[PDB]
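Protein chains in written order, with UniProt numbering: chain A, 391 to 758; chain B, 22 to 41, 48 to 758; chain C, 391 to 758.
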């Protein structure tokens, strides 16, 4: 966090993510050795006064496989962020040909596993001696978590959704845990009143918010269905969120936890794709908001997301062509966009449950 | 007497199939083998989901729930056009608009125009298939993974095989042996071993196996497929096949299943209610007549035999399975004791058989012992039946099995026997954190012990009865007086820190103290003694059913009244369908305010049920409340199995007639019933003024009539006297 | 608590408040030396049998500056009520001219600071050795609190709102916390389907009840905006409560936590003012319900609150004349009422944000 200089705020080593995400997309304006030194140092030291500068609790983390709590505040959210940063450093070292270093950091990429509580099916916390903290509670804020609860932080495994599903027992349980976050309106037998009862019911579920739109660690979560066999659910929930939690008025971001930090999330989602895991040059596909978006890219290249039959009642992708060729992958690569061309989508009011359900269609995970 | 609209016509097997749990079982009551369309992958407990649009097969299934999952399962899938072997690839689009699901027949037409329907007998099934013209015609047989085999005899139009897939609870020699026959010549055929499709091969055995047959049915003709299976042997499968389905077409098997459902469903006749209410009633009844399943077969001599899922041998007599007693003791088996006692006769026997075959009575069984849930509720089934005159087991043998269930535990399966019995005997409760789910366990054990005491008492064994009655008040040991709820203690008597009524897990099972505190069905009076008296108990109950608060918004009219109720539910203080509180609404009957029972019951029936795909709307209701609805709609409920009494609620229809054994009939008539008239103003039992809040089993059994005058306001003089209250141990 | 005689019920030394509030208003029919003796004994002793009689935990409180928990039940609520009572005794002693005794008791007036938990922003609890209790939770009822949680009891500082705001970090933080107590209806984008949507949304929040009208410790809370620069907020919320949680029917007190104990609050609030801190002869100004109220006081004096423009959609005070003189203070003294006269209010449908935001406008606080 910089305003203007170092400020003590939040957590993580996401400085690493900026450098590596840009690097793996071919944006390379810094010295490679200096960058790697800076990254490694960022994980092997910490500012004497400012906990957010460098890696708070790095010693425990290198020794134990996780940051412990209560020894270190917000230890579990930190652990989860460090694991992703370490994966980023591994990617970087590997692309430079420094395989031994890459392997050292790849060995840390799965540290998220060290805090998964199998009995409960969520992330949790342990002390320095390996004891789970007492009285598991999925909705308890604070302590080992930052700006959220296990309910949120459990999904913070962007580099390895597949590994997260394995912890959870497979694609099916993960899908069920994911579905439970987007509580559906329950009108019981009151429908008699018509669409009206249906609308109010939706409002109330939201007021409730199993899903906190705008909460950082779950911003990418709707896109996870692309990784586990059901992209139609991604399409449905994204379009619902765009229609219901946003407007151009003074209130603007109506999500209770959204204070405007979701702006970039909305631009990407409206275009139809989202970078679930920066450092991997891929964008998971959601569902476009408009009939057409044209991206004007460097060197006179243009990429078009075309959805000529898009409509408010048509969030689903029935079929897709990428540059005239049938396309069933649930992601576009950065190279695919960079070179220009077109993704042509046929929108529909019902899900196509045959499309994008195969392993070849899923985007990246460390454990695939 | 034949009617235009018959009982089975009201059943929607798709009820409970959306928001996914349930599959639309084609079956006869308690049938050994069920059949169902399959939309989920092989291996998935979510076999059929209403929102899925692609079908993979028609499964012979035994699955009692998604969590427990299946065993002894294979599938048949007719295909038109392209041949697909693996369940991963057999995905055929269809619409619910071309689907007709009934208990006696399931029929569906795929988007490609292929039509298929199937009907089941107890152990077999018959399919008819109409193939689209000018397309290749196939049937694929999927025998599942886990080590299976298939043999095709194409010149005889036969396929046989064995499936061994299971989710535990099976002996080492487990298998289901199946057999099927096709009406038309098999033109081509092949096998699949999970890796390769082998054309022309007739015999296959591997982890996962499938076979295909290719036909050439002439335009205008339909393919018939007949199938049956056995857990005993291929010989016995052929015996089942020849007795139940040989030479039959689908119309014949459909007609017989239809008649069986009307016979069994018709044992309770509901009249004077909406079509929606009739559909809800009969759909719940249908669900209630499915489990436990018969697990026996009739040999060449016509005598009942069975493959024991407990010792893997074949025995003479009866066996049932696919039941968790923790679920079904509360209302499912009590319904059987009343309306289908010939089933309870064989079930109780089967419990002793499992005990003889394994050393313990079952608690969750599928097929054999499975580690699931808690309690010794097998005892409840034996004892409830016994006090109702159903006595097919030997008394001494049953008593010995009961005592042992409370004095021992399976070496690896915690739910089999009594987890934590040492502590419980020494301390008067099961301690936590030493034993998981200790408090719920204590509460269940106290009830089981009360059951055993009642049983010994009825035999004359007063010494043994006194020992167990000593334990019946053990629930008192976990009541925390400072907070007025059940809680938990460790082995040294220390209360657990930071009491929280709403905290789930730990010493509780699938609930919190908010739910479990009510789990004292053998002693409501005693529970009220803990709480301070009837008055405080009433206030506490009142607090569970949060009423709508509209404030000054009513101005906006009654529309304001409707939305308010959703919310009051939408936060769920009483979680309808949560096991330990299923009886709780009836507790007002025990403490002087039956009108509150009448009101809340009728509210729940109106608001949390419908016959559609999301029919169980209670957030905590996945269909386990089927029998609760059936009883409640009839007007009474078995709050305490083991005591032959039913607490009186408020009936949903203008009339129900129960057809009981020996030509006896019991009528609950409420001629002025209506949606706004839930209260019982007055009652006559066989013509006599009746103010009790309960019927005894004998009063129902001997036949007669309960005549209720229903009203839109409560009658606050009726059923308020101590003579009116049902049983409590501490009275 | 008396019915007829001493009954063991609730907490505090609020008998002291009755005496001191009356005394500072010129009601003096008791012997001063005897009254002070009784007040002091009430804080320096406790009934052997009945906890609510005298001061439960007085030894700890004198020695530590708070009542500890788990040593003493309801210790935090007790500490806050005691600090207020001691402040009352200081005021009494001071007006009698006994400065040494007043100074002793003023010493204890700020004891509420001793249980404020800075890391969390709320009142909490400590044991005898000074350790904060584990697992902080603002919504947790019971234990150290009485008939409420920290959410309610954190506001229980009637004699020093300015001081309470210092603890929170300033007027601004305190305002934000106050604001969060009155959850505003969120209708997202459904306003599209009419004002009715708006009505339902308000029920839901109340059904939510973040502010528990009738919970004693927060009864005065709506008036705290008068102290920190934003009386229009007091005006809005007050009128909102009167309109929505009251009626004259059998269910008249609609507040979920309101069983009739708020009837005096309604009477004062409808008149336009409220005694936030008994013992200080002032009344914080709210917003009147009627076009006119006339109070007939002793010696033939009448005090009138006129609001000739009052209406359901005009809860705001735009301008005020007190006895014909421009008036911007957010309180009236007892003397101003007693002597007779008129407060002439001009009501409006929008807030006047220039009025009553100056320090001279704020009512009493011990640390002012």
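Cβ coordinates follow ideal geometry from the N, Cα and C atoms, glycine included.
Would you kindly work out how many angstroms separate the C-alpha atoms of residue i and residue j, rounded to a whole number?
i             : j             : result
residue 528/B : residue 607/B : 15 Å
residue 596/A : residue 634/A : 10 Å
residue 279/B : residue 217/B : 31 Å
residue 313/B : residue 363/B : 13 Å
residue 71/B  : residue 546/C : 56 Å
residue 153/B : residue 51/B  : 17 Å
residue 510/C : residue 665/A : 35 Å
residue 150/B : residue 73/B  : 23 Å
residue 204/B : residue 503/A : 43 Å
Would DSSP call residue i helix, strand or coil?
i             : result
residue 708/B : strand
residue 93/B  : coil
residue 134/B : strand
residue 204/B : strand
residue 175/B : strand
residue 701/A : strand
residue 298/B : strand
residue 61/B  : strand
residue 226/B : strand
residue 106/B : strand
residue 662/A : coil
residue 416/C : coil
residue 186/B : strand
residue 326/B : coil
residue 391/B : strand
residue 231/B : strand
Which whole-angstrom value is the C-beta distance of residue i and residue j, which I expect to be below 8 Å?
i             : j             : result
residue 177/B : residue 166/B : 12 Å between Cβ atoms; not a contact.
residue 761/B : residue 736/B : Here chain B comprises residues numbered 22 to 758, so residue 761/B is not present and cannot be evaluated.
residue 531/B : residue 507/B : Contact doesn't hold; Cβ gap of about 17 Å is too wide.
residue 512/B : residue 555/B : About 14 Å separates the two Cβ atoms, so there is no contact after all.
residue 499/C : residue 450/C : The pair is not a contact, with the Cβ atoms about 18 Å apart (cut-off 8 Å).
Check whether the Cβ of residue i lies closer than 7 Å to any heavy atom of the ligand COA, and answer yes or no.
i             : result
residue 717/C : By its list of ligands, the structure shown contains no ligand whatsoever, and the ligand COA lies outside what it can speak to.
Q. Between the region 574 to 587 of chain C and chain B, which residues of the former have CB atoms less than 8 Å from a CB of the latter, in chain order?
A. 586
Q. Between the region 563 to 571 of chain A and the region 484 to 496 of chain A, do three or more beta carbon pairs fall short of 8 Å?
A. no
**Q.** Members of the region 583 to 614 of chain B that neighbour chain A once the beta carbon cut-off is set at 7 Å
**A.** 586, 589, 590, 593, 594, 596, 597
Q: Closer than 7 Å, Cβ to Cβ, to anything on chain C: give me those residues from the region 652 to 682 of chain A, in chain order.
A: none
**Q.** Short-range partners of chain B found in the region 618 to 629 of chain C, where Cβ spacing is below 7 Å
**A.** none
Q.
Give me the subset of the region 727 to 757 of chain A whose CB atoms are less than 7 Å from a CB atom of chain B, sorted by chain position.
A. 743, 744
Q: Using a Cβ-Cβ cut-off of less than 7 Å, list which residues of the region 636 to 648 of chain C approach chain B; keep chain order.
A: Those residues of the region 636 to 648 of chain C that come within reach of chain B (Cβ to Cβ, closer than 7 Å) are 637, 644, 646.
Q.
Output needed in chain order: residues of the region 204 to 232 of chain B with a Cβ under 8 Å from some Cβ in chain A.
A. none
Q) Name the residues in the region 422 to 445 of chain C whose C-beta lies less than 8 Å from a C-beta of chain B; which are they? A) none
Q.
With three or more C-beta pairs closer than 8 Å as the rule, is the region 720 to 736 of chain B touching the region 452 to 459 of chain B?
A. Result no; under three Cβ-Cβ pairs closer than 8 Å.
(Q) Check whether the region 606 to 625 of chain A and the region 586 to 604 of chain C are in contact - that is, three or more C-beta pairs closer than 8 Å. (A) Fewer than three pairs of CB atoms, one per stretch, sit closer than 8 Å, so the region 606 to 625 of chain A makes no contact with the region 586 to 604 of chain C.
Q.
Please identify, using Cβ separations under 8 Å, the residues of the region 511 to 526 of chain C that lie next to chain B, in order along the chain.
A. 525
(Q) Check whether the region 326 to 345 of chain B and the region 286 to 297 of chain B are in contact - that is, three or more C-beta pairs closer than 8 Å. (A) no
Q. Counting pairs of beta carbons, one from the region 614 to 632 of chain B and one from the region 681 to 700 of chain B, are three or more of them closer than 8 Å?
A. no
Q: Check each residue of the region 463 to 475 of chain C: if its Cβ is closer than 7 Å to any Cβ of chain B, include it; give the result in chain order.
A: none
Q. When Cβ atoms are compared, which residues of the region 411 to 422 of chain C fall closer than 8 Å to chain B?
A. none
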